[PDB]
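Colleague: Submitted below is the structure of interest, expressed as structure tokens.
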Amino acid sequence: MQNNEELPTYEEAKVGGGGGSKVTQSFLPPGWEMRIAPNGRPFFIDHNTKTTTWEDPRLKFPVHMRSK
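Taken in order, the sequence shown gives residues 6 to 73; the numbers are from the numbering used here.
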């Protein structure tokens, strides 16, 4: 496939110097960030929980800002 869906480290996500194959603007919820992965796809970034994912929780809930 033209994507690997390899979720890179968060340290990579701060820059996200990936590649572009399936890249576009996905349905990121507020509070999150969306960066480009080297495998050619954008992933979601959550700064509150310091996590990343390919699946947007936006579909079920919008910005759920983890306070602490």
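Just so you know, even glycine gets a beta-carbon here, dropped at the ideal spot from N, CA and C.
Roughly how many whole angstroms lie between the Cα atoms of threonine 56 and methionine 70?
Modeller: Their Cα atoms are separated by approximately 12 Å.
Colleague: Residue range of the alpha helix (DSSP H) that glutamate 38 falls in?
Modeller: Counting along the chain, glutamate 38 falls outside any alpha helix (DSSP H), though it belongs to the beta strand (DSSP E) covering 37-41.
Colleague: Using DSSP bridges, identify the partner residues of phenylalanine 48.
Modeller: The partner list for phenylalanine 48 (beta bridge, DSSP) reads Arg40.
Colleague: In terms of alpha-carbon separation, which member of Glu17, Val28 and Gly36 lies closest to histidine 52?
Modeller: Taking only the C-alpha atoms, the option nearest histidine 52 is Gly36.
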